[PDB]
Amino acid sequence: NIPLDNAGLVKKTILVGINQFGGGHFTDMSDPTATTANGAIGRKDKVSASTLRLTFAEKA
């Protein structure tokens, strides 16, 4: 089984959003493939959260 551990693996932790306006990066709001608009959690690779950390990685 794959062990779960953030220490030693991740170096930067990002806290995003207080409301659904900031929470749209982790749901179907930022998911192009998602069809619903009920705030369902979309695929992590397609939401803007993945792009948020992607531009962070290349810049830093």
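We place every Cβ from the backbone using ideal geometry, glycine too, and count neighbours over all the protein chains shown. What follows draws every value from the coordinates through simple rules; no lab data is involved.
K59 to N1: FRET efficiency via 1/(1 + (r/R0)^6), r the Cβ-Cβ distance, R0 30 Å, to the nearest 0.05? Let's see the in-between values first.
Numbers: r = 35 Å, r/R0 = 1.15.
The calculated FRET efficiency here is 0.30.
For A37 and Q20, compute 0.36 nm times the residue count separating them, minus their Cα-Cα distance, and round to one decimal in nm.
Details: separation 17, 0.36 × 17 = 6.12 nm, distance 1.20 nm.
Taking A37 through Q20 to full extension adds about 4.9 nm, to one decimal.
Helix-derived [θ] at 222 nm for the chain: sum -39500 (n - 2.57) over DSSP H runs of at least 4, divide by residue count, nearest 500?
On the way: 2 runs with 16 residues, N = 60.
For the chain, the value works out to -7000 deg cm²/dmol.
Tell me, what HN-Hα J-couplings in whole Hz come from the Karplus equation 6.51 cos²θ - 1.76 cosθ + 1.60 at θ = phi - 60° for each residue of region 32-43, using x for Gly and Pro?
Rounded to whole hertz, the list is x, 6, 5, 9, 7, 10, 9, x, 5, 6, x, 5.
Placing +1 on the Cβ of each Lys and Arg and -1 on the Cβ of each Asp and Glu in the chain, which of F56, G23, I41 has its Cα farthest towards the positive end of the resulting dipole?
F56
Report the charge-dipole magnitude of the chain in Debye, nearest 20, computed about the Cα centre from +1 at each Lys and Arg Cβ and -1 at each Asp and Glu Cβ. Could the numbers behind the result be given before it?
Values: 7 positive and 5 negative charges, 36 e Å.
That gives a dipole near 180 debye.
Any chance you could run the full-extension gain for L9 through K44? It's 0.36 nm times the residue separation minus the Cα-Cα distance, nm to one decimal. Intermediate values should be presented prior to the final figure.
Values: separation 35, 0.36 × 35 = 12.60 nm, distance 1.87 nm.
Length gained, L9 through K44: 10.7 nm.
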